[PDB]
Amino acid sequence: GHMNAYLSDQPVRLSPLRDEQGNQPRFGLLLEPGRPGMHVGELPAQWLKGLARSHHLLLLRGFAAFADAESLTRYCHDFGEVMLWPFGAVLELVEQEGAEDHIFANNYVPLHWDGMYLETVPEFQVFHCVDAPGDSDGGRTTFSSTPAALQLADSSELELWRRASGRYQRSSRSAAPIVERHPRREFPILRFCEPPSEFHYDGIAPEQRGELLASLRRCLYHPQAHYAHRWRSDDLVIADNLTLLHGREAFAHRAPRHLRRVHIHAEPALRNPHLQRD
């Protein structure tokens, strides 16, 4: 059970985002069609961008489909400026039932943000779930609101976070303070790439390393700050990459699913303040 505080002037039903066990984090928003057969394109992109910026995570559920990747691409071009990759606009994320991770690849993704190692950082992730036929076990895409996590820290946790600084390598190198300001809108956020030799933490005594990681995890994975998404066919999800961190829940048996991801630039494009250019 929960209360419902939103009424839009748009032809949609809004309500708080809740995960499949009824948990309701301190961010996110569910949008559902206000007319039979409504397509996502019928809603004004400018309006979605606004909601995505303040709710940080939008779940549009039960809308009619983009027929293909080209259709999604054209939609995104109208939505904002697409951040192009060598493959174009759409990253295809297709998984088969029970397909092994060639024995070497890990079975979970820790929290991080897109564009860490890029010249420019995208503001939004746009995910279209093409197909998610069966119901899977684990493997949900996870999102955490870094402002929510910041409200959970106690005095000393926070004092520790503020001295801290991450150094990352994958070769490309990137460095960010753990506690950052939103690069356009000023509010306090976290930039943190979570480890599962390539992840160092400066500004603190290296014995406190364990404490930093344990506290950041406690806050970011807390029910107030953390949402795990169970994909459904034709979900359209829009995520605020500048405010959230994202990752993926561990899976034993992975199920069939097909996602498509487009990145949208900040307005105007955001130069990566964290990339090492020296």
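In this text, residue numbers run from 1 along the sequence as written.
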Gap size between residue 185 and residue 184, counted in deposited residues that the entry leaves unmodelled: none
Count class of coordinate-free deposited residues lying between the neighbours residue 86 and residue 87: none
Comparing 214 to 222 with 51 to 59, the one whose average Cα B-factor in the PDB entry is higher: 214 to 222
Residue stretch of maximal mean CA temperature factor, 238 to 246 vs 66 to 74: 66 to 74
Residue selected from 123, 135, 81, 92 by maximal Cα B factor: 135
C-alpha B-factor winner, where the candidates are 141, 151, 144, 156: 156
Third of chain Cα B-factors occupied by residue 253: highest
Chain third (lowest, middle, highest) by recorded CA B-factor, residue given as residue 10: lowest
Among modelled residues of the same chain, the CA temperature factor third for residue 25: lowest
Ranked C-alpha temperature factor of residue 201 among modelled chain residues, by third: highest
Lowest, middle or highest third - CA B-factor, residue 176: middle
